[PDB]
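The next block holds one structure in the form of structure tokens; read it before the comments.
Read the figures in this text as sums done on the coordinates, not as results from a lab. Cβ placement follows ideal geometry from the backbone for every residue including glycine, while neighbour counts extend to all protein chains displayed.
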There are 2 protein chains.
Amino acid sequence: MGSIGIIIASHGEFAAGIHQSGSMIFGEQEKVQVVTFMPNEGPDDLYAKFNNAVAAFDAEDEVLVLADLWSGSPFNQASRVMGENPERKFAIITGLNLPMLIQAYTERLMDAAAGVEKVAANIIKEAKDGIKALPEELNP
Amino acid sequence: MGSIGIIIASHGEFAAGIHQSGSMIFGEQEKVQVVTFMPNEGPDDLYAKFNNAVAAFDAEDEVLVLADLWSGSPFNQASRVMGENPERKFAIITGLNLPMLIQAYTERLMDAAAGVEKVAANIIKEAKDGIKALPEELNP
């Protein structure tokens, strides 16, 4: 049964700031957790934050992690928590940007019961498609 | 000679937060300005922030704006400033993410003579390529 909990994760306050961007553009949202990794912190503090974020969702919810980068402690600890909970469906998407977050909120509204693995493909596509340049000739 | 000044621009505190992410991974970076657009500000406030950010660079510097969202207010006021300073080389890339910012920093280190029109293609490429998922079956 059910829903998708979203965890926004980053080095530094990035994840908190883009969570604000999203609430201005999209409005308030349920079942969103923010995990920041600050300079006075180590990997085990981050491990605790992820476990605490997952426990804030209902036991039936699938989990979508939107992470800053495919490297470093935020990504590594998200992957660890994913691998320690094989009875729970997880997806991690790296390269967090605002089109990605908007599309994640929309896919939840539209199609949350299809699962995190189904909705990820179009979240990825819109995140990439929203990277565009001016002047137009600079685009691939 | 001139080099590239970077403006990181967003709705809300996103831009300040990812600037912090960048400093945790890439140290202190010269000629980087942050432009945030907060819930209690309007377009004329924003326009002034962009003009002040551009004034922090040297007259011969080129300007690279990394913006959160295509056709958003940060993007629109950046485009306006670009059109008002036609004697300055300018580029705008939307879909701001941490791979994008990392590559922009790398480009300036490798070749301070490369202008914003030359470095844009690899910055866009790495910004898109950095968007990937686990499980890996969601990837191409």
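The charge dipole of chain B, taken about the Cα centre with unit charges on the Cβ atoms of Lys, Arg (+1) and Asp, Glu (-1), comes to about 160 debye, rounded to the nearest 20. Take the Cβ atoms of B:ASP44 and A:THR106, set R0 to 25 Å, and the FRET efficiency comes out at 0.20.
Of the residues B:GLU87, B:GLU62, B:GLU13, which exhibits the maximal mean-square fluctuation in a Gaussian network model of chain B defined by a 10 Å Cα contact cut-off? Answer for the Gaussian network model of chain B: B:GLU87.
Nothing charged except the Cβ atoms of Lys and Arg (+1) and of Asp and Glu (-1): what's the magnitude of the dipole of region B:59-140 about its Cα centre? Round to the nearest 20 debye.
Numbers: 8 positive and 13 negative charges, 25 e Å.
Dipole of region B:59-140, to the nearest 20 debye: 120 debye.
Panel note: the C-alpha atoms of the protein assembly as shown, placed on their principal axes, show extents of 59, 35, 33 Å (largest first). Each other copy places its own label point for A:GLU30 at 5.3 nm from this one, sorted shortest first, where the point lies 7 Å along the Cα-to-beta carbon line.
Backbone amide hydrogens, once placed in the peptide plane, bring B:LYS89 within less than 5 Å of B:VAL63, excluding anything fewer than 5 places away on its chain. If both residues of a DSSP beta bridge must be in chain B, then about 5% of such bridges are antiparallel. Charges only on Cβ, +1 for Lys and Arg, -1 for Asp and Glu: so what's the dipole of the protein assembly as shown about the Cα centre, in debye to the nearest 20? In debye, rounded to 20, the protein assembly as shown gives about 300.
Counting other Cβ atoms within 10 Å as a rough exposure proxy, the listed residues A:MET110, B:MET24, B:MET82 run A:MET110, B:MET24, B:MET82 from fewest neighbours to most. Taking square-rooted eigenvalues a ≥ b ≥ c of the alpha carbon gyration tensor, is region A:70-140 rounded, prolate or oblate, where a/c under 1.5 means rounded and, failing that, a/b exceeding b/c means prolate? Since a/c reaches 1.5 but b/c is at least a/b, the shape of region A:70-140 is classed as oblate. Within the protein assembly as shown, antiparallel bridges make up roughly 15 percent of the DSSP beta bridges whose residues both belong there.
Add -39500 (n - 2.57) for each DSSP H run of 4 or more in chain B, then divide by its residues: what number comes out at 222 nm, to the nearest 500 deg cm²/dmol?
Result for chain B, helices only: -14500 deg cm²/dmol.
Spread over its residues, the convex hull of the C-alpha atoms of chain A is 120 Å³ per residue.
For the segment B:118-130, counting C-beta atoms of other chains within 10 Å of every residue's C-beta and taking the mean gives 4.
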